[PDB]
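Notes for the one structure printed next.
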Amino acid sequence: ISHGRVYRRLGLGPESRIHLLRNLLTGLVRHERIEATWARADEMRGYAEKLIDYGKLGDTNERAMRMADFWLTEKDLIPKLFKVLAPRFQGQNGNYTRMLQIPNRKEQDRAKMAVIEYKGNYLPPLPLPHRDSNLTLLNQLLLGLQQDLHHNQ
Amino acid sequence: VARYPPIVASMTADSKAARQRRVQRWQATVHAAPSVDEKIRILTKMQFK
Amino acid sequence: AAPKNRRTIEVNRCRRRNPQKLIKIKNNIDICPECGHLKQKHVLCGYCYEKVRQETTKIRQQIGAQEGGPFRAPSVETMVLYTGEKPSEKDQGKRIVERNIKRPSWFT
Amino acid sequence: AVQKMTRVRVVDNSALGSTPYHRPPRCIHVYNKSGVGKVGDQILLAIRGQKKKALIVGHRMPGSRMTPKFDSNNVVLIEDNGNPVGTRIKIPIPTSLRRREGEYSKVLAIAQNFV
Amino acid sequence: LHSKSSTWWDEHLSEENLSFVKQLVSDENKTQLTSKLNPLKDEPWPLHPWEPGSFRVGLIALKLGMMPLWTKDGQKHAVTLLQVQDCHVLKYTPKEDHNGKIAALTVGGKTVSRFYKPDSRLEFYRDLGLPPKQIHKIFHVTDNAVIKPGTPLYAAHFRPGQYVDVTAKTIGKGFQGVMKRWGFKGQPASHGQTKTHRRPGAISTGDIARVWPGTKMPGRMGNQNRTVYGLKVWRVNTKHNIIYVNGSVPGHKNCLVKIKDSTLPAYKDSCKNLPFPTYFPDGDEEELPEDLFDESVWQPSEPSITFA
Amino acid sequence: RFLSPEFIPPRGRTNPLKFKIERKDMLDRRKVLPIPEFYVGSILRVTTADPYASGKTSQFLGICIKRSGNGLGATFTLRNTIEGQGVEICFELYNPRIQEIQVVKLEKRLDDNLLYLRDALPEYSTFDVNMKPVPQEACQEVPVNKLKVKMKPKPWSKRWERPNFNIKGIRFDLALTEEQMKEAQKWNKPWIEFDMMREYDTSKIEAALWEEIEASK
RNA sequence: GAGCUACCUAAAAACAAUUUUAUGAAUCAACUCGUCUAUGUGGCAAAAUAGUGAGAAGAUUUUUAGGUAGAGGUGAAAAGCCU
Ligand SMILES: [Mg+2]
Ligand SMILES: [Mg+2]
Ligand SMILES: [Mg+2]
Ligand SMILES: [Mg+2]
Ligand SMILES: [Mg+2]
Ligand SMILES: [Mg+2]
Ligand SMILES: [Mg+2]
Ligand SMILES: [Mg+2]
Ligand SMILES: [Mg+2]
Ligand SMILES: [Mg+2]
Ligand SMILES: [Mg+2]
Ligand SMILES: [Mg+2]
Ligand SMILES: [Mg+2]
Ligand SMILES: [Mg+2]
Ligand SMILES: [Mg+2]
Ligand SMILES: [Mg+2]
Ligand SMILES: [Zn+2]
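So the protein lines, in turn, are chains O, s, 0, L, E and Q.
Counting in the deposited numbering, the first sequence runs from 9 upward without gaps.
Counting in the deposited numbering, the second sequence runs from 41 upward without gaps.
Counting in the deposited numbering, the third sequence runs from 78 upward without gaps.
Counting in the deposited numbering, the fourth sequence runs from 31 upward without gaps.
Counting in the deposited numbering, the fifth sequence runs from 41 upward without gaps.
Counting in the deposited numbering, the sixth sequence runs from 74 upward without gaps.
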C-alpha cells in the first residue's frame, strides 16, 4: 500500500522530515563528509545532489538563490556552494555524492550506519573497496580471451 | 549582483550566537523607545536575584 | 484472555528452539587486505575506517582553530599540507591547513 | 445522484410546482433497481402535501464524456398517464433522453431548447 | 576460513573485465537469438492440417499499459497493450507422460540476465540454445498443432477479431482487513461503538464450538493467479508485436501474462481461420501490414465519424 | 513553441514504448483535424456529431476551465451558461466525432484552473453563443487576462480560500474578512514548495518530443 | 484521630479587559467547579487525560493557626461527611 511512494516517513511528520534533512544537508555542505543512520543518509542523498544542480544554475538565477536559502540553515555556506562546490562539479553531470556503509554503531543501539561525502573533498580518502588486479588468476584468463576475441573480431 | 542573505545567527536557535541576536532585539526596543520613563520600564521590568 | 493450563517445558523447548528462532550464521565475513582485521564484504573495515576518521578529526580541529568563529567558512578551496611540503603554483589562493605530522601513506 | 430526501428543482411551468414558494420538493421514491437516479429516470416527488411523479432531466453529478453536467438538479413533473404536467420547458434539456430506453418523446416535444 | 563462502559474478572480475564480461554476454544473446530466427528452414516438424476440435498454443506477453480506442459506432473502448517479447517454445511433453489427455508445450518469454540464475536453469537453457526466459507456462495443445521446441513465436499468432483470454498474477495488496478483502459492511463509527469499526462480526454459530473451514477472515490479498475470459482482440501491431486486448487484464503494468485462445463455448472454433500451428515470418508466405485492424474499429487518419 | 500538454508523459515505471505508439496515432489524427492552440480560460467553440440525430451536428461554446489527461485520452472541459442554467461538458480531444475546434479568444488566466467560477457570480461565466472570433497575433505572447472575479455567499463547493488550491484569481477581500484568511493559513504546508524531489523536470523530454512532433509535420 | 473532609472562630490574601449600571446583572481570562462524549481500565491516575461545558465583586475563591470526637461531631438532608 506504499508502492511507488519514494519518500520515507521520518521525524514527527512531513514537515519534521524536511527539517531533519535540512540539518544533515547543511552539515554535509559544511563539512563535506557526514555520518548518519543508513536510512536517513540515503534519504538525503537525493536532496544533496539537487543542490549542486541549483548551484550550477548560478548566483544570478533568483530561483537558485531562494532555494539555496531554505536548504542551508547556516547562511555562511551559500557563498561556498555557489563558488567552490558548483565550479568543481561543472564537468560532471551526476554522481556528486559518495555513500558507503560504515559498520553498525557501537552504542547499544546497534543501528546501521553510512558515511556520505562530496567527491573531490580535501579530507583523507575513504577506504574504498578495491577490485582485484588484472594479474590475478581469474582476471588474467579473461584478458587472454579478450585478446583472442579481439584478433578474431 | 547576488543578493546573498546576511551572514547572521538565527533568532530562534538554541545557541550562544542565536541567544546574543535575541538580546540585540530586546535592546532595539529600548533604543526606539519614545520617552525616558518607557526606557526605564523596559530595562527593569524583569527582576532577578 | 488468560492461560487455562501451565505449558510444559517440552512444549516450551519446542517453541524457543525452533529453527525459526535461532541465529543464522553469517557467510560474508572476510579479512581486510591491509590490516588483516575482519570485515563484512559489503561494509567498510572499521579498523581502517577509524584511522581515516581520527585523521579527519585532527584536520578539522586545526581548521577550527584558524577560523575562530561560527560563520567563517571560506568560499575558496580548502587544502591540507603536512610538514616538509610547500604549496605549488596551482595551489595559490587556497586555504592551507598545517599538520605537524608527516604525510600519511593513505593520504595522497 | 438523485436519492430519497433530495431537494430538487422543478424546471417546468406547472402552476403546482413552478410557482416560487414553499420548501423545495423532496424526492420520496426512485423507480430504479438501485437507489441512485440519473438523467431520464423517473422519481416520486412530494409537493405541497401531495405525491407527484416526476422525471429527471439533469443532475449535478459528473457523467460520461461529452455529456452536459448542470449546476442544479433539474426535474420535470409528469402525470400518471405519462403526459407532462407543464406545457413548456425553456431551460435546455439534454438530448440523450431520445435514445434512452423509455418514453421521452413527449418531454422532448415540450422542451424547445436542446443541449 | 575452512567454511562455506558466499560469492557472486562480480566479486572477482576486475575493472576491465567487468565491462568486457557485461559485453561478451550481450554479444552471445544476439547470436543465439538469430540462430533460431528461421523455424521453417531448421527441420520443422510436419505441419498437419486443421480439423474440428483442435487447440493451438498461446503466447506470453508483457503488459505495457492501457490507452483509449474508438469504433466506427463512435463508442470508446478501453483497451490494453500486450507486447510479445522473445516468446519461444521450450519443451514438448507427450500425451501419456504429461498425465493429461492432451499434450503440453512450455512457452517462455521476456529474456532476462544470466548472472543471477541457478546453475540448473542455465544448463537447461544452454542445451535449448536460447537465452533464459523470465517465466515458464504450460499450454494444452493437440497433437496436430504441436510445434518443435525452440520455435520463436510472434504477435502474428493472433489476428484482429479473435476473442482471447489472459491470465496473470493479480497485484499484491498485502495483509488486509475483513472489510477491504471481502467487502464486509463493518460497524458504525459513532453512537457508542467502542473499538469496533472494521472488525469481523460473529465468526460462526455458537453451538458447533468451532469455526467452519474456509471462513472469510483477514489475510493477504492479491498476488493470486487469475484469468479473464472473452477479451476481444482489437488490433495487432506486427512491427512491435503489440496486441490490443479489450478491457482490463490482471496484473500490474510490465507484468507478464499468459494470452491464449478463448475457451468459451461461443469461441470454440475460432482458431480455424487463423494460422493453425502458428505464423512463421521466416516462411514469408505473405507480407503482413504493420497494423491490423478490425472492421468495426475506426482507424486513425480516417475521415471523422459522421452518424448519418 | 507551444507543446500540447498531453504529449508530455507523466513520470512512473511505464515503458516509453507505450507513449511512442500513442503519439503516432495522435499525430495521424492531427493531420486530419487541426487542434488549435488554447489555454485554460480561452473561449472555445467545438463542433461534434450527435449519435442520436441522423446526419446532424451540434456546437457548444464555453470557456475552457480545465485541461486533463495524457496521450490519446487527453480531455478538456469548457463551460457556459444558457438561459440562466450553467452547463459543463468534458470533451475528448481525439474523439472521432469531433469535426472542428475553434479558438474564439486565445488567452490565459491567472490560475491554471477556473473551477472556482462555480462560486463566482453568473456574469463571470456567461458567454455569448454567437460571439464572433477576435483577431489573433501569432508573433506575440499569449494575452494574460488578470481579471479577479467576485464570489457569491460564503458557502462554496470547495474551500477556495485554503492554501492548497493556491487560487490567485479571486477577490478574497470583498468576500472574506482578514481573520478568516489568517485561519486558512493554518493549513499552509510551506515546506512543499522547497522540496527538490517533488519537481518533475521535462527539459530533455520536451526537447526530444518537439523534434519528433515537428519531424512528422 | 477534624493536616483529608462537614461546620465554625480569628488573622489574612486574590479578582485583568469590556458593557451595564450602581448589581447573589452581562461577555470572558486567571481562578473555582465537574454537564456531556471519547480514551484509559494493574491506567499518567486506588477517579486521570483530551475535548466540550458552568460560575468568575460574590451565599466568591484561597492561605495560616485554632475549635467541635464515635451512646458522639457536622450537615443549604445525599442517612452526606468525620485521614
Ligand atoms: Mg503494498
Ligand atoms: Mg518502496
Ligand atoms: Mg537559554
Ligand atoms: Mg460505514
Ligand atoms: Mg471508535
Ligand atoms: Mg488523476
Ligand atoms: Mg458538494
Ligand atoms: Mg485546620
Ligand atoms: Mg457544607
Ligand atoms: Mg474585574
Ligand atoms: Mg464541587
Ligand atoms: Mg457562561
Ligand atoms: Mg448565566
Ligand atoms: Mg458575576
Ligand atoms: Mg432524602
Ligand atoms: Mg478512613
Ligand atoms: Zn582493514
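All C-beta atoms, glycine included, are put in the ideal place defined by N, C-alpha and C.
Can a CB atom of chain E be found closer than 8 Å to the CB of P169 (chain Q)? yes
Which residue wins for smallest C-alpha separation from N177 (chain 0), given the options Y159 (chain 0), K167 (chain 0), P80 (chain 0) and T85 (chain 0)? It is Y159 (chain 0).
So, with DSSP's three-state summary, where would you put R43 (chain s)? coil
In whole angstroms, what is the alpha-carbon distance linking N89 (chain 0) and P96 (chain 0)? 14 Å
Reducing DSSP to helix, strand and coil, say where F238 (chain Q) ends up. coil
For ligand 3, is there a heavy atom less than 7 Å away from the beta-carbon of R65 (chain s)? no
Hey, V113 (chain Q) and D201 (chain Q) are a contact pair by Cβ (cut 8 Å); roughly how many whole angstroms apart? Contact between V113 (chain Q) and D201 (chain Q) does not hold, since the beta-carbon distance rounds to 20 Å and is not under 8 Å.
Listed by chain order, chain Q residues near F90 (chain O) by CB distance under 7 Å: The contacting residues do not exist; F90 (chain O) stays about 16 Å from chain Q at best.
With DSSP run on the structure shown, which of helix, strand or coil describes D107 (chain 0)? Three-state DSSP puts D107 (chain 0) in a strand.
What are the residues that DSSP puts in a beta bridge with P95 (chain O)? Residue pairing for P95 (chain O): DSSP places it in no beta bridge.
Selection of the region 77-105 of chain O by Cβ proximity to chain s, strictly under 8 Å: Contact residues of the region 77-105 of chain O toward chain s are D77, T81, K83, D84, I86, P87 and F90 (C-beta to C-beta distance below 8 Å).
Determine the burial state of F75 (chain Q): buried for a count of at least 16 other Cβ atoms within 10 Å of its Cβ, exposed for fewer. Around the Cβ of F75 (chain Q), a 10 Å sphere holds fewer than 16 other Cβ atoms; the residue is exposed.
Mind pulling the chain E residues with CB within less than 9 Å of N105 (chain 0)? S45 and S46
Check the Cβ of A68 (chain s) against every Cβ in chain 0 and list those closer than 8 Å, keeping chain order. The contacting residues do not exist; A68 (chain s) stays about 21 Å from chain 0 at best.
Could you check where the beta strand (DSSP E) with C127 (chain E) kicks off and where it finishes? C127 to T133
Cβ closer than 8 Å: which chain 0 residues qualify as neighbours of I110 (chain O)? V120, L121, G123 and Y126
Enumerate in chain order the residues of its own chain whose CB-to-CB distance from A122 (chain O) is below 8 Å, with the five nearest sequence positions on each side excluded. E43, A44, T45, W46, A49, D50, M107, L108, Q109 and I110
Alpha carbon to alpha carbon, what distance is there between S230 (chain Q) and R191 (chain Q)? 8 Å
Residue from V186 (chain E), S336 (chain E) and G291 (chain E) whose Cα sits closest to the Cα of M106 (chain E): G291 (chain E)
Roughly how many angstroms separate the alpha carbons of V37 (chain O) and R137 (chain 0), rounded to a whole number? 15 Å
Residue environment, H237 (chain E), which counts as buried when at least 16 other CB atoms sit within 10 Å: exposed
Return the residue from the list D71 (chain L), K99 (chain L) and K81 (chain L) that minimises the CA-CA distance to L46 (chain L). Of the listed residues, the one whose Cα sits closest to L46 (chain L) is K81 (chain L).
For a cutoff of 8 Å on Cβ pairs, would you count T97 (chain L) as touching chain Q? yes
Given a cut-off of 8 Å, decide if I283 (chain E) and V273 (chain E) are closer than it, judged by their beta-carbon atoms. Cβ distance < 8 Å, so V273 (chain E) and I283 (chain E) count as in contact.
Does the region 171-179 of chain Q come close enough to the region 100-120 of chain Q that 3 or more CB-CB pairs lie under 8 Å? Pairwise C-beta distances place the region 100-120 of chain Q in contact with the region 171-179 of chain Q, as three or more of them are shorter than 8 Å.
Anything with a beta carbon under 7 Å from a heavy atom of ligand 5 counts; list them all in chain order. Qualifying residues, in the order they occur: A229 (chain E), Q233 (chain E), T234 (chain E), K235 (chain E) and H237 (chain E).
Contacts that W264 (chain Q) makes with chain O (C-beta to C-beta distance below 9 Å): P22, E23, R25, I26, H27 and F78
Hey, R118 (chain Q) and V177 (chain Q): beta-carbon distance below 8 Å or not? For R118 (chain Q) and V177 (chain Q), yes; Cβs fall inside 8 Å.
Label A208 (chain E) either buried or exposed according to how many other C-beta atoms from any shown protein chain fall within 10 Å of its C-beta, with 16 as the threshold for buried. buried
One question on the structure: do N69 (chain E) and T151 (chain E) come within less than 8 Å of each other, judged by their Cβ atoms? yes
Since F184 (chain 0) meets chain s, which of its residues come closer than 7 Å, beta carbon to beta carbon? None at all; the shortest Cβ gap to chain s is about 32 Å.
In chain 0, which residues lie with their C-beta within 7 Å of the C-beta of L131 (chain O)? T133 and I136
Between the CA atoms of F184 (chain 0) and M156 (chain 0) - distance to the nearest angstrom: 12 Å
Interface positions of the region 54-67 of chain O facing chain 0 (Cβ-Cβ less than 7 Å), listed along the chain: none
How would you call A242 (chain E), buried or exposed, if buried means at least 16 neighbouring beta carbons within 10 angstroms? exposed
Report the option in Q100 (chain O), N147 (chain O) and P133 (chain O) whose CA atom is closest to the CA atom of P181 (chain 0). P133 (chain O)
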